[PDB]
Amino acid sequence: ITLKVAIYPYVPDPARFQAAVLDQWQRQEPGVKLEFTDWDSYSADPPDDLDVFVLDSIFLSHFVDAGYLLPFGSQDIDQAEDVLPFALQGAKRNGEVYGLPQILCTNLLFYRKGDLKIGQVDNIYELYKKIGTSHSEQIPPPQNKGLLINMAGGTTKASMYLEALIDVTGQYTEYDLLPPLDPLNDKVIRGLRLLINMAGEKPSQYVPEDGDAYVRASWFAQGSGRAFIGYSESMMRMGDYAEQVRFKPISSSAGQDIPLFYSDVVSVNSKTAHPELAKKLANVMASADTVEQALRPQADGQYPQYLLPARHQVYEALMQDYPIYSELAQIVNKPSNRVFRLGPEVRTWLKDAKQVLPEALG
């Protein structure tokens, strides 16, 4: 038996995950071969022959309603009690768990050690009062000046829009019904513009020729910018500098805050010829052992991926050697945290959004 598996491609080091998964799989199922495939939920639906795969939960509702996924009964979930409650909950649809939470993600406010003033910033408007408007379009921003933030790509912007809208309304929603693109929410748009205003248009829209999703973190480590809003994983690219940065969650609104996290869950194809073996693999891929191994440096010169695990056990195990994970654990354990979910019509809404959001933002 050979199982076709696809790990989440948007991580600092995908190979560490593949290796982690293969090693952990072989320990309990050495006779079942794994064929790692490149599959992206952001630009593709599950192929009929892809047995197990990790997808971004914004696409969960669509995959489920389309009949692509195989649900996990409470019997098919290993150590559900160690999984973060909000993560496990964000993986449910139609009263069923449809994915095993493997990675959680959120932008964080990164600032430099001795910059106490940015340390007290809790939202983007408070951030603006400190750093103000960018006064240069150069890439990257001048040393210790402005905001570094990746706002390139239509889906990223669309995603930031939808997350901001939740905090603006003060009510969490899985967006079963996606919002109208006309009229756009002005507060949300003002929020996104404020960010662009702080970062600079070109710098915020920059996409490196090498497709490096973490280039702004390296710029930050080099001294560019005063503040940096990026994913926790950004710290791997910071290398030795990750210990010198300080970070903290940052809200897009001053009044209401519902911390939203992208959740990459391991799901099983409904068409898989090996349901139990596939469920077994999904569990291994989401196991505390596998995720810890994937995040930990696997060779000389490597740093932790600094990705956010969905299980307590990984934070418990990592923080001894990597104290940064103590702070990350704290953020992920906030009771108000929620998984960022989008309705079944996400793909269409995303296409529609890029025809209106870039104009609204300038």
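Numbering starts at 1 and runs along the sequence shown.
Student: Would you tell me which stretch averages the higher CA B-factor in the PDB entry, 326-334 or 52-60?
Tutor: Per the deposited B-factors, the answer is 326-334.
Student: Averaging C-alpha B-factors over each stretch, which comes out higher, 180-188 or 104-112?
Tutor: Higher mean C-alpha B-factor: 180-188.
Student: Out of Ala66, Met319, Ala310, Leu70, whose C-alpha atom has the biggest B factor in the entry?
Tutor: In the PDB entry, the greatest C-alpha B-factor among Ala66, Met319, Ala310, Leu70 is found at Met319.
Student: At the C-alpha atoms, which of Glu292, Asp76, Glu174, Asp264 reaches the highest B-factor in this entry?
Tutor: Checking the PDB record, the top C-alpha B-factor among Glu292, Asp76, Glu174, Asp264 is at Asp76.
Student: Divide the modelled residues of the chain into thirds by Cα B-factor and specify which third, lowest, middle or highest, holds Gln302.
Tutor: Answer is middle: the recorded C-alpha B-factor places it there.
Student: Of the three thirds of its chain by CA temperature factor, lowest, middle or highest, which one includes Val268?
Tutor: According to the entry, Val268 has a C-alpha B-factor in the chain's lowest third.
Student: C-alpha B factor of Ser204, ranked within the chain: lowest, middle or highest third?
Tutor: CA B-factor rank for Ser204: lowest third.
Student: So where's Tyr125 on the chain's Cα temperature factor ranking, which third?
Tutor: Its C-alpha B-factor belongs to the highest third of this chain's values.
Student: Looking at the entry's B-factor column for C-alpha atoms only, identify whether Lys145 ranks in the lowest, middle or highest third of its chain.
Tutor: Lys145: CA B-factor falls in the middle third of its chain.
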